[PDB]
Structure formats: C-alpha cells, structure tokens
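Q: quick one, fold the following:
(7 chains)
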Amino acid sequence: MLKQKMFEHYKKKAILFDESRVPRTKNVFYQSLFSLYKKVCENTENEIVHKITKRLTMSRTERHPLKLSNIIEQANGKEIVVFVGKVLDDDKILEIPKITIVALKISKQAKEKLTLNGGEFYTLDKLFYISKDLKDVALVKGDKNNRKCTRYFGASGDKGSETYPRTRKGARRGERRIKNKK
Amino acid sequence: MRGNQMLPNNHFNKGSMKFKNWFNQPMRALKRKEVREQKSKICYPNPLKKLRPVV
Amino acid sequence: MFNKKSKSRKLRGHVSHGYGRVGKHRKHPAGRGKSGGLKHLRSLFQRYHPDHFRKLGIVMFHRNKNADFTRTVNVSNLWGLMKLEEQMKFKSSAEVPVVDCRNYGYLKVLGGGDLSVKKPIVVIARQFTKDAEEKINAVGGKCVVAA
Amino acid sequence: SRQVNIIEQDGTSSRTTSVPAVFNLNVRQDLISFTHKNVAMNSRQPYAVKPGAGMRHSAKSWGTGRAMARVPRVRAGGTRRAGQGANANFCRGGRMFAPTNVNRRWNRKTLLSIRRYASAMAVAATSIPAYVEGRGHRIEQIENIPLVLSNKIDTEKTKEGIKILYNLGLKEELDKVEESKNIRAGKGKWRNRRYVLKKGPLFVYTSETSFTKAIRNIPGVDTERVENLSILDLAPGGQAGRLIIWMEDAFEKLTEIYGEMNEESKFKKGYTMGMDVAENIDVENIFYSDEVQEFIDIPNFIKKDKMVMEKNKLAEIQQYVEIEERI
Amino acid sequence: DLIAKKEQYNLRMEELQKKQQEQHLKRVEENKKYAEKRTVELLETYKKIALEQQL
Amino acid sequence: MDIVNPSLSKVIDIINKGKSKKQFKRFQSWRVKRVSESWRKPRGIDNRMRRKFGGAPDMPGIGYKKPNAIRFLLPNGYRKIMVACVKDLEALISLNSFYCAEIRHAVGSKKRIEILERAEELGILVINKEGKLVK
RNA sequence: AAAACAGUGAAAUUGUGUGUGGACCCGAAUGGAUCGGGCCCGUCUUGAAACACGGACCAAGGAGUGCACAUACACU
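A: Numbers count the residues shown, from 1 in each chain, chains lettered A, B, ... in the order given. Have a look at this structure:
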C-alpha cells in the first residue's frame, strides 16, 4: 500500500513547476508572458500548463527550432499544436493539411505558406481562447543534440567510437575516422 | 597543452614582423573625393572616365 | 548576458591566484607548442588525434580551385528554387516550367526525396545521378545536359 | 488612427494630416541601450605610452653575495643615480606592466538589422508623453504631441525665430537649458571638456530652409536631417524619448523610410517592421478573463498552524491522564 | 474592461474565504464531541481486557 | 535633542539597551602601526584566529546580523533620508510616520533657512536642525 | 641625476603639560587589591612558538594584460 502511495507522489512532484526559476532575458514583453503562466500554475495541476511554464525558463539553445513538416509529422492527428520556440519554412514541401499553430515566433516565409494552405498562427497568450479544456492539443519539442557541433563530442581514439576529430581540412589535408565500424 | 582542441598553428614566432593599422581610413577617403572633384573641373563638360568593352 | 565582471577581480587578496600552493604557476612546465607528442604527450594524441603521425594519398604539385568547384541540389528541392509567388502559378497553370540550375550556381543533381508537385518539369544541368533521371522521367519530365 | 494639426508662423492651425505607421510600434529599452553602448565607441581616438619608455639606461644585476636584492641597477659614477634600481615595474623611473599599445580594438560591430530596429523604436518613443516627461523635458504648456511646423516659414533672423518657438509653448524648456551652464567636476576640465549643458529640442528638416540658421544660436537647440537620423541624437545617454520639432515635409517622409506594418520598406532594402512575442505589458490581466476562470480550481484558504513543543502549550493540546492497568 | 473584472474576482474570493472558515469551525466542534465519548469507551475496554487475563 | 517616534515611545529604551557594542578589529593591528583597524579575513596556513583556537578573538559572520525590523533604526526611533533641496522634502510627505530628514553637510546657511521653514509647515523632523546656524 | 606654487601641511620621530599603567590582545568587573583564556606573523612542509628562512620604523609606488586562431556556455 505505502510503497505505491510514495511513488505516485514522486511522479507528481517531478512534473510540477519549481517556482524558484526565472528567465534571464531583460525583455519586458517576454517577462509579462511568464507572469501569466506562473499565476495559472499555482491554481492548477494540469500537466500541459506545467510543462509550458518550465520551458519558458530554459535557454536559447534548449529552445531549439523546428521546421513546418516536422510539426505535422509529430502532430499525430491533433488539430491544435503548441511549441515554445520558432517555426521555420521547409523548402521541400508545398501542400500541407489545415492546422492551427500556437507558438512563440514564426518566420515570414513560413507564415505565408501556412496561410495559403489555410491555417492560423497565434501567440501563446491566446491559448485559453483557442481551447476550452486542453484535450485537443499536442505539445511538441525539438532536440539540441541535432546541432552539428555534437559530431565532435567524445574521444575518437576509443574503440567503436563514432566521433569525428577536430582537424585542418583541404583537398589533401585532413584527419580521418579510423576506429569506428563499417 | 591539455584537453581537446584543433591543434594550434599560430604564426607569431618572427620578431621582425610588422603591424599595419587603419586609423587613417576616413581621412584618405576624404582626400580621394577632393581630388576627383578638382580633376572634374579641369575638363568640365567631359566625363572623368573613358568607355570600356564587355568581356 | 551582454556584459559580466571577470574572475580576476574576485581573486584580489587570495595568495596564489588559483594555481595552487604546491603546484604553483611556472613558465612552461610541459614544453612549448604541440611538441612532445610521441613522448610524454602520447596519451593526448592517441585519445583525441590518432591519425596525426602519418603520410597519405596522391600528390599534385599545383591545383586550381576554380576548375573543380561545384555545388549540388536534390530533386526534392527543385521547385523551391522558384519564388513562392511563381510556385503558386505553375501549380494550377497548364504550362510546364523550365528550370536551369546554372542560374543559381548549381551544377549537379542528386536523387534525394520526391518531387514537390507531380506534374511535368524540364531540368537543365551538367550532370544527373541515375536515381534523379528515373524520378524526373517518372512524372513525364525531361533532363537536358548542358555546359 | 489620428490626424495631427500643422502650425503656421502666427500660431494658427487649419490644415491637418494623417500619422505615419512607425508610431504604432512597441518599445524595447534593452535593445536601445545595447545599440547606444556599441555605437558610442566608434568615435574614439587611440592612446598609448611611448614604445620603449623606462628602458633607456645601461643596467645590470649585481648578483648575490653583496647583501642586496637582485634587481637590475644603473651603471654610473659621479652622481647619486649610481646603484639605483633600473628597469622593473616596481622601480622609480622603470617600465610599466604591460605597456599600453595602439593595437587594441577601439571600435565595435552591431548588426545592421538591429541598428535599423533600434532607430525605428526610438522614433516611436518621441510621441509617448510618459517617456518624454521621463527624460526630463518639461511639456506642461505644450498643447499636443507631436509638433509639426509648416513650410512657408519665411524667417531669416534669430529675433523673429525665438518668437515662433515661444508661441509653441517651449519657453520653460529653453530657460531650463540656459540656466544650466556649469564647470565640470574633475580633471576633464583641463582636457577641453570644460562646460556642461542639459539637452533640449531637436529640429528635423529634410528640405533646405532659412529657418535652420535662424534657430541654431539658441542654447540647447540641435538639428539633423531625417534621412540620416542617429541614435546618439534620438536616445542621449541610452534613455529614450527626446522632444522633436518636425518639419511638414520630414513628417510625411517617415512613410517612405520605415514603410507600413508587415510590408517591406523601399528606402531600406531587406527591412520590415515586426511583431513582439506578446502585444502588451498588461497580459498578466488575462487571468481575470471568463475563459480562464472556468479552467482553474477553487482555492483552499484554511492552513495548518506551526508545531509547538513547550511543556505548557503542549499540555493544552494533549491532556495526559494516568492509567492503573498493567496489560 | 479587465480592470473592472479584477474587482469581481476580489469580491468573489472574500465571500469564499468567509464561507470556508465557517465550515471549518463546525468540523472542529463536531470532532470534540466524538472524542469525548470515545475516550470514555476505550478507558473501560482496557479495564475489561485486564480482567480477562486475571481469569 | 530629546525626541522620539510616537509609535515606539514605550519600547525604544529596550531596543537601545539591546544593541551590541562589539568591534571586529583586524588581527595584529595592535602590534604594528602600518596595519589599520579595518577588518580583513586572515588567510595564513598557521594562523590562530582562522583556526579558531580558544583565546583568539571572534570573526564576523551572519549570526550577528540584527532582526529585520530593528535594523537601520536611529536611537530616536526613525530611519533617515538625505536632503539638499526644498523639492526633496516633498518626497517625505507620505512617509513622515517612520522617516526623518538629514540636510547634507555642503548646503550653506542662506539655503538652510529656506529648508527649515518648509519643514515646519509640512511637519517633518530634521535631525541636524541646529547645525551651523546656531550663531 | 635632483629641483613646480614664497597654498594646504598627514605618518614615523622629539620636547612640555595633564591623566592612566609596568610588553600587549580577548571575555567580565571593583571605592580598592584583579580573576579566567591566549607562545610571532608570513612561507615551503607528513609536521613550525621553534636552536628553519624573510621582517628596525612610517609614507608613497608595486604583480593574470593586449592582439590573432579554433572552442563550450549565457544573451540578441
């Protein structure tokens, strides 16, 4: 009995907002938006709201961007999608399904494409009007591991290591990967 | 030398090496303007530059 | 942040400036530059730079960059070279677009992905992969080789 | 949006004009400060010490065994200078630590896109009364902001020029500048920076007119063209909201220069006027909206008291009684 | 408009605070009466349990 | 001057008699004249004060900090604000329950007269009231 | 080599007068004898009060800086 009660408590506390974190930006429009979400969190247990509030506090690198096609790929049949970050255009795609994106920012070329295909962009202040009970929303996230600088982490002189050496490079010059597997 | 870096290669060994600064950049620009202007008076109706082919 | 105080300003009053009392801060305890690499620094090289001590490959005593410089595009990006207003005309229109990759500084076409719109297109370039040719011919398009 | 009234020499108003689109843009005091800091460093002149100062003399160490510290010393005879301590930074007349040098980086870069955006939102702030008052310009007597002087001002003399400015209500502002002159505190008063004055109105013109040389001798009046308007003039000291007298031609030109919202300027290629992450600073007030109040849950106000363990206080919370049973 | 709606919240919450407070005291008063009776029971059942052992 | 804040009048003496008179003199400032009295933390390898042997003096630290309510309070029961203009007193008009004014040293006689006249009518306590203007 | 104003005029150090003590610091006091605790700092060192070294006294000066090239983080 007790062991379950304990674990179910830990799982909850792992979701909820910390309330001793604050965004480092001196932008007063960004700090306004955080204040709203903070006052909502202390009056609710709903996991989507808590997740959103934690993400506004993370760094620029933690808020990695997504391309339009990848949002649709991760939307998994939902109508509204939410994203704490910036939405960029995909040059490989022209036609898209009708969709509503609530997000932090969008690029000029992406917004046009979204509009031509039918669909809307709303800023995160408006979420509560777009949705009544937060049942029809999906929440989506990028991954900072996909940066090109992650190819150099680790040691290239370990056995079976996939990492690349930091090297001078030319037509003949350059250190190779030699301890990997193929 | 410690840790992981691209191996150095910085060429500052030679003690006889000269440095060139560019503090004169705005002033020399103003002189080139004033020379063109006076040259343009000496041949007033005519353009300062000649016609050239396309290659 | 756009500005921050330095560490040196906090170390005023503390004896060793953060280099230790026993180890100290001497002039060059390990040697100058990247020297020592087959000897006392062998562990750094074998961990991070294993392909350093070697000679490799074919030699040409003079090379010309302009004669070998090239840039590559995939089939899935062909429609993307056009402006968005232009794309939206040719999508509905009865006419066939004629795209020349030379005009955007591309010389070779690769077979990555599927074409954005499944209607005919004429593509001009210097070289095509076998996959690219098959994909363009599949939609009733045409590949034209040119200098 | 609004109309604005033009003002003729005599103080009459009759013709009216629409207001440019730039004035609807929100203000970022972070970006104005950042841009000010960088640009202010581009007007510096280099300084350095002489390239081998402190190193002139013939000096050598005496080595150990003489009961003296092993600093280099001056080779001489016949003078009190013999045997004194020469080259080091801890010596009188020696060389300084890390001599200052001309190769330092004097200037600083800032992206063109930030420079354009900062100037746009500086212009915007010149028409919010809260900001203009906040800088310390006094505007109690001025009828409305912004001010737009007509063309067909035929003024040529300073005498008639001041009469015009007085009729626009600027008397108290101008007086505030004249009374301000004082000698600076510190060594700057020796290095050609002797007198300090408070900032006053900036006049912005675009077309060449006689009014420019009529007003310029009045203390605290400043002049610039609209096409090359600088952030040092628009946000002095990195605080925004300078008071501006527009000329009628110049005010109409703001539409060509900054364009219209979600369009591209023809005069500034590659630049467009953008959107913030939230529309206003007041968004915290959305909590009280109907849509939010349906979503949340009813609070509990009843809260537990802090633990007490003192003998007497505890005895009133838990009265103990003995038992005789031995079970 | 929202500045007016801010007042309706403050009023609504004061009513709720007074309400919950009144409901709390009644629970506290109820609990005190149950506790009196129960202590009399248990002090007697100890006495019974002891006699069972003597027997 | 013999004046007291009315809100603390029956308490001020308890407060005053409760304040510490401890001083934290620098170690060995009693031994050589070249070391001033101003506190610096000892950082020697052998030092008896850093190592906290019995019989060495005490070191500063957070434990000695006063309660938040009592802190900064002058012995008359007010907090102080500096003034140099007539237009400065205008700020105190809401705060005169807990704050009092102290005219800056460099303000001269002719100007001080104008400050004191305004202080009387607004009802603000000035603690340097006598000042230079006794003559 | 030194040496600016016929300004202001600190500390080391000296004389005279008036007070308090017998090297001095911390804690606690008397009308008054005093009571309790404390070895000289800085530094290398397993380990310093050391029969380890530097230090007669005061003022002023006196030691992680600039540029180039890759880099991880925070901010635009």
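Q: C-alpha only now, for contacts and for neighbours.
A: Noted.
Q: for the stretch 101-250 of chain D, which residues are neighbours of RNA strand G?
A: D:101, D:103-105, D:114 (C-alpha under 7 Å from any atom of the strand).
Q: same thing but at 10 Å, please
A: Within the stretch 101-250 of chain D, the positions lying close to RNA strand G (C-alpha under 10 Å from any atom of the strand) are D:101-107, D:110-111, D:113-115, D:117.
Q: possible to save these as JSON lines with secondary structure, distance to chain C and neighbour count?
A: Output for those, formatted as JSON lines (DSSP: H, G, I helix; E, B strand; the rest coil; distance: C-alpha to the nearest C-alpha, whole Å; neighbours: other C-alpha atoms under 10 Å in any protein chain shown):
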{"residue": "D:101", "secondary structure": "coil", "distance to chain C": "21", "neighbour count": "12"}
{"residue": "D:102", "secondary structure": "coil", "distance to chain C": "23", "neighbour count": "13"}
{"residue": "D:103", "secondary structure": "coil", "distance to chain C": "22", "neighbour count": "11"}
{"residue": "D:104", "secondary structure": "coil", "distance to chain C": "19", "neighbour count": "10"}
{"residue": "D:105", "secondary structure": "coil", "distance to chain C": "17", "neighbour count": "7"}
{"residue": "D:106", "secondary structure": "coil", "distance to chain C": "17", "neighbour count": "14"}
{"residue": "D:107", "secondary structure": "coil", "distance to chain C": "16", "neighbour count": "13"}
{"residue": "D:110", "secondary structure": "coil", "distance to chain C": "12", "neighbour count": "11"}
{"residue": "D:111", "secondary structure": "coil", "distance to chain C": "14", "neighbour count": "8"}
{"residue": "D:113", "secondary structure": "helix", "distance to chain C": "18", "neighbour count": "11"}
{"residue": "D:114", "secondary structure": "helix", "distance to chain C": "14", "neighbour count": "14"}
{"residue": "D:115", "secondary structure": "helix", "distance to chain C": "16", "neighbour count": "18"}
{"residue": "D:117", "secondary structure": "helix", "distance to chain C": "18", "neighbour count": "19"}
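Q: what subset of these is also close to chain B?
A: residue D:103 (C-alpha under 8 Å from any C-alpha of the partner chain).
Q: okay if I get the residues of the stretch 101-250 of chain D next to RNA strand G as CSV plus distance to residue D:66?
A: CSV is the format used below for these (distance: C-alpha to C-alpha, whole Å):
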residue, distance to residue D:66
D:101, 38
D:102, 41
D:103, 42
D:104, 43
D:105, 47
D:106, 48
D:107, 52
D:110, 60
D:111, 63
D:113, 68
D:114, 66
D:115, 66
D:117, 70
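Q: closest to residue E:9 among the residues of the stretch 101-250 of chain D next to RNA strand G?
A: When those are ranked by distance to residue E:9 (C-alpha to C-alpha), residue D:117 comes first, at 40.0 Å.
Q: check contacts around that closest one.
A: Neighbour list for residue D:117: residue D:273 [criterion: C-alpha atoms under 8 Å, 6 or more residues apart in numbering or on different chains].
Q: 10 Å instead?
A: D:28, D:31-32, D:35, D:258, D:271-274 (C-alpha atoms under 10 Å, 6 or more residues apart in numbering or on different chains).
Q: burial of the closest residue to chain A within chain D, as a residue count?
A: Closest to chain A within chain D is residue D:284: 4.6 Å, counting by C-alpha to the nearest C-alpha. Using other C-alpha atoms under 10 Å in any protein chain shown as the criterion, residue D:284 is surrounded by 19 other residues.
Q: isn't it up against residue A:28?
A: No. With contact defined as C-alpha atoms under 10 Å, residue D:284 does not count as touching residue A:28 (11.9 Å).
Q: residue D:96 - how many residues pack around it?
A: Neighbours of residue D:96 (other C-alpha under 10 Å): 15.
Q: repeat that for residue C:136.
A: Using other C-alpha under 10 Å, residue C:136 has 22 neighbouring residues.
Q: and the residue nearest to it when sequence neighbours are not counted, how far from residue C:4?
A: Spatial nearest neighbour of residue C:136, excluding adjacent residues (C-alpha to C-alpha, 6 or more residues apart in numbering or on different chains): residue C:142 at 6.5 Å. From residue C:142 across to residue C:4, the span is 60 Å (C-alpha to C-alpha, to the nearest Å).
Q: picking that back up, between residue D:284 and residue A:28, what contacts are shared?
A: residue A:34.
Q: show me where chain A has strands.
A: For chain A, the strands defined by DSSP state E occupy A:66-67, A:80-88, A:99-106, A:119-122, A:137-139.
Q: give the contact list for residue D:150.
A: By C-alpha under 10 Å, 6+ apart, the neighbours of residue D:150 are D:5-9, D:13, D:15, D:246-249.
Q: redo that, cut-off 6 Å
A: Listed by C-alpha atoms under 6 Å, 6 or more residues apart in numbering or on different chains, the contact set of residue D:150 reads D:6-8, D:248.
Q: looking at these, which is nearest residue D:46?
A: Residue D:46 has its nearest neighbour among the contacts of residue D:150 in residue D:248, at 42.1 Å by C-alpha to C-alpha.
Q: count the residues that sit near the closest residue to residue F:9 other than its chain neighbours.
A: Nearest residue to residue F:9 in three dimensions, chain neighbours excluded: residue F:77, at 8.0 Å (C-alpha to C-alpha, 6+ apart). Using other C-alpha under 10 Å, residue F:77 is surrounded by 24 other residues.
Q: can you tell me how far residue F:77 sits from chain D?
A: Distance, residue F:77 to chain D, using C-alpha to the nearest C-alpha, to the nearest Å: 32 Å.
Q: touching, that residue and residue F:7? I think so.
A: No. Applying C-alpha atoms under 6 Å as the test, residue F:77 and residue F:7 come out as separate, 8.5 Å apart.
Q: joint contacts of those two?
A: In contact with both residue F:77 and residue F:7: no residue, using C-alpha under 6 Å, 6+ apart.
Q: can I get stretch A:30-41 in CSV, CA atoms only?
A: Extracted as CSV, the C-alpha positions of stretch A:30-41 are listed here (Å, rounded to 0.1, in the frame of the first residue of the first chain):
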residue,chain,number,x,y,z
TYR,A,30,8.7,38.1,-22.5
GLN,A,31,8.7,38.6,-18.7
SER,A,32,5.0,39.6,-19.0
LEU,A,33,4.0,36.3,-20.6
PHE,A,34,5.9,34.3,-17.9
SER,A,35,4.0,36.1,-15.2
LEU,A,36,0.6,35.0,-16.6
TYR,A,37,1.6,31.3,-16.8
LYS,A,38,3.1,31.4,-13.3
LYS,A,39,-0.1,32.6,-11.8
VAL,A,40,-2.0,29.9,-13.7
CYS,A,41,0.3,27.1,-12.4
